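Q: how would this look folded up:
(2 chains)
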Amino acid sequence: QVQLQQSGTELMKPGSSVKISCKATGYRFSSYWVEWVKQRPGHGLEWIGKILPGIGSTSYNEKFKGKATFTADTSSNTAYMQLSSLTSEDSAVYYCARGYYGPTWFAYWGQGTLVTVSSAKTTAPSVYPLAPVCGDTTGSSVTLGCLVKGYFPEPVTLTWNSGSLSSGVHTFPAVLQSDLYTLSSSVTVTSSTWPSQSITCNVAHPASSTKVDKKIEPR
Amino acid sequence: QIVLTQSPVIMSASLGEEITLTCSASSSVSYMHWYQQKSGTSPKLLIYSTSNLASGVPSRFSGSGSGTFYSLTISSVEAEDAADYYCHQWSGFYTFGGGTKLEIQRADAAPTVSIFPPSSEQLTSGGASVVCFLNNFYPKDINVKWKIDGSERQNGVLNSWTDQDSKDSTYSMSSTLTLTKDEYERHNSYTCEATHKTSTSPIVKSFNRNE
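A: Numbers count the residues shown, from 1 in each chain, chains lettered A, B, ... in the order given. See below for the structure:
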């Protein structure tokens, strides 16, 4: 029924602006305030402000006055937050949310929009297969891997056999070094199934329009 | 401008035990709401108006509180409860607590170590990363030591831990040692050693480049 659908990941340079959208469906758009919330990796959740579609009333957290500007388009049931004069402090995941009447609880949340503020340039990943050391493998299981190196900005997606292989997988959060990210993933399967059956890691980096498949081959 | 403080920042809970997460306010609060945020997901309403259970939320969650002090109780902790939890109130405007991470205290578990030499693809590009996966261990702290021909190497290492697993309550971590192709060809034996609470003995995997 009720859904809040946000726009996609952004990368913008310091000093510029970003406009994030929040498309509301399943209810009367003008009846409720659209809330906006900021989340940086380790500063919990912060309330930015809210807008009431239709009348267009706005309320801002003092801390975000002059940083955030809300608008709303009732003809498309879309609310917008513009963040201007961007700095690295503005790098965060931003949520829209919605509750009921007056001071309220946030019953509905958008999926979040990642904003990276950086002067670094967008770079496509290199994807490397990680096959086990030569010779045999411990026991009746084998662990394979995929190394994703040299990309910017987040995110990348990584799956195995186009999602068919989901058990025994660990995908490790990306780490930034010198303006490039590295990510990796391991998958463990029975020796009876590899290399007799193919295992391929599938990596996407939307920011660079990258879609790469690397089949893990035995050494 | 009512500040919400959640302490401890990380709360350990054994499976099947009752645990109470708390939220203290700098002045009196009318009602507190609570959200759960599992790894990689949006916050999800658990409790609203101090004690009302949000739709679909298991009855093992409950809320209570009054004045400056509020509580979220889980009656019998389960592995899927590994998450961050936030309190939330309104007085003039909304504030949130800094969050508490519920850490599931499962049985201690040793890591399973796997090592991977550079791919031919990377070597062609003049780079050489060696990767070590330390999988399914508990608790989270773990030490990884890289040795090249028997000597510790510290520079060029990138480590990444997963968040606690929602099913088995373990952690995993990946360590990548990145060398130039020339530096990699300069030596032969590549070893990753994992030292974890579970033993004073390091858990090791090794290979030789020339093999």
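Q: list the contacts for the most centrally placed residue in chain B?
A: Closest residue to the average C-alpha location of chain B: residue B:163 at 3.3 Å, with CA atoms, centre = their mean. By CB atoms under 8 Å, 6 or more residues apart in numbering or on different chains, the contact set of residue B:163 is A:173, B:39, B:40, B:82, B:171. For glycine as for every other residue, the C-beta is placed from the backbone atoms N, C-alpha and C.
Q: among the residues you listed, which one lies nearest to residue A:6?
A: If you rank the contacts of residue B:163 by distance to residue A:6 using CB to CB, residue B:40 comes first, at 15.0 Å.
Q: now the residue of chain A most remote from its centre: how far from residue B:124?
A: Ranking residues of chain A by C-alpha distance from their mean position (CA atoms, centre = their mean) puts residue A:135 at the top, at 39.1 Å. Taking CB to CB, to the nearest Å as the measure, residue A:135 and residue B:124 are separated by 23 Å.
Q: domain assignment for chain B?
A: Residue ranges for the domains of chain B, per curated CATH domains: B:1-106, B:107-209.
Q: what of chain A?
A: Domains of chain A are assigned by curated CATH domains as A:1-119, A:120-219.
Q: among the contacts of residue B:163, name the ones in helices.
A: The subset of those located in helices under the criterion DSSP state H is empty.
Q: hmm, back to that, tell me which element the residue nearest to the centre of chain B is part of?
A: If you go by DSSP states H and E, residue B:163 is not part of any helix or strand.
Q: swap in the one 4 residues further on?
A: Secondary structure here is read from DSSP H and E; on that basis residue B:167 sits in neither a helix nor a strand.
Q: in contact with residue A:184, which residues?
A: Contact analysis of residue A:184 by CB under 8 Å, 6+ apart lists A:130, A:145, A:146, A:147, A:148, A:171, A:172, B:131, B:133, B:160, B:174, B:176.
Q: make CSV out of the residues you listed and add neighbour count, secondary structure and distance to residue A:4.
A: Shown next, in CSV, are the contacts of residue A:184 (neighbours: other CB atoms under 10 Å in any protein chain shown; DSSP: H, G, I helix; E, B strand; the rest coil; distance: CB to CB, whole Å):
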residue, neighbour count, secondary structure, distance to residue A:4
A:130, 26, strand, 39
A:145, 26, strand, 36
A:146, 29, strand, 33
A:147, 28, strand, 36
A:148, 26, strand, 30
A:171, 22, strand, 26
A:172, 24, strand, 30
B:131, 25, strand, 39
B:133, 30, strand, 37
B:160, 17, strand, 31
B:174, 28, strand, 34
B:176, 24, strand, 37
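Q: which of these lies closest to residue A:87?
A: Distances from residue A:87 to those, taken as CB to CB, are shortest for residue B:160 (26.2 Å).
Q: which residues touch that closest one?
A: Residues in contact with residue B:160 (CB under 8 Å, 6+ apart) are A:172, A:173, A:174, A:175, A:182, A:183, A:184, B:173, B:174.
Q: tell me how far the second one lies from residue A:60.
A: By that I understand residue A:173. Following CB to CB, the distance that separates residue A:173 from residue A:60 is 32 Å.
Q: one more: residue B:196?
A: 48 Å.
Q: among the two, which residue is more densely surrounded?
A: Taking other CB atoms under 10 Å in any protein chain shown, residue B:196 and residue A:60 do not tie; residue B:196 has more neighbours (23 against 19).
Q: wait, that one touches residue B:112, no?
A: No - the criterion here is CB atoms under 8 Å, and residue B:196 misses it with residue B:112 at 10.9 Å.
Q: what sits in contact with each of those two?
A: In contact with both residue B:196 and residue B:112: B:134, B:137, using CB under 8 Å, 6+ apart.
Q: before we move on, the earlier item: using the three-state scheme, assign the residue farthest from the centre of chain A.
A: Assigned by DSSP: H, G, I helix; E, B strand; the rest coil, the conformation of residue A:135 is coil.
Q: and the helices in chain B?
A: Secondary structure of chain B (DSSP H): helices at B:120-124, B:181-185.
Q: now mean neighbour count and distance to residue A:2 too, for those helices, in TSV please.
A: Below are the helices of chain B laid out as TSV (neighbours: other CB atoms under 10 Å in any protein chain shown; distance: least, CB to CB, whole Å):
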stretch	mean neighbour count	distance to residue A:2
helix B:120-124	15	47
helix B:181-185	15	55
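Q: so which of those helices is nearest residue B:2?
A: Among those, helix B:120-124 comes nearest to residue B:2, with 53.3 Å by CB to CB.
Q: helices or strands next to the closest one in the packing?
A: Contacts defined by 3 or more CB pairs under 8 Å, 6 or more residues apart in numbering or on different chains; DSSP states H and E place helix B:120-124 against strand A:126-130.
Q: is there contact, residue-wise, from the strand it packs on to chain B?
A: Yes - counting by CB under 8 Å from any CB of the partner chain, chain B has neighbours in strand A:126-130: A:126, A:128, A:129, A:130.
Q: can you report how many residues neighbour the residue lying closest to residue B:171 once chain neighbours are set aside?
A: Spatial nearest neighbour of residue B:171, excluding adjacent residues (CB to CB, 6 or more residues apart in numbering or on different chains): residue B:140 at 4.7 Å. Residue B:140 sits with 17 neighbouring residues when counted by other CB under 10 Å.
Q: residues touching residue B:140, list them.
A: Going by CB under 8 Å, 6+ apart, residue B:140 touches B:103, B:161, B:164, B:171.
Q: who touches the second one in this structure?
A: In other words, residue B:161. With contacts defined as CB under 8 Å, 6+ apart, the neighbours of residue B:161 are A:172, A:173, B:140, B:171, B:172, B:173.
Q: tell me which element residue A:151 is part of?
A: Using DSSP H and E, residue A:151 falls within strand A:141-151.
Q: thanks a lot, catch you later.
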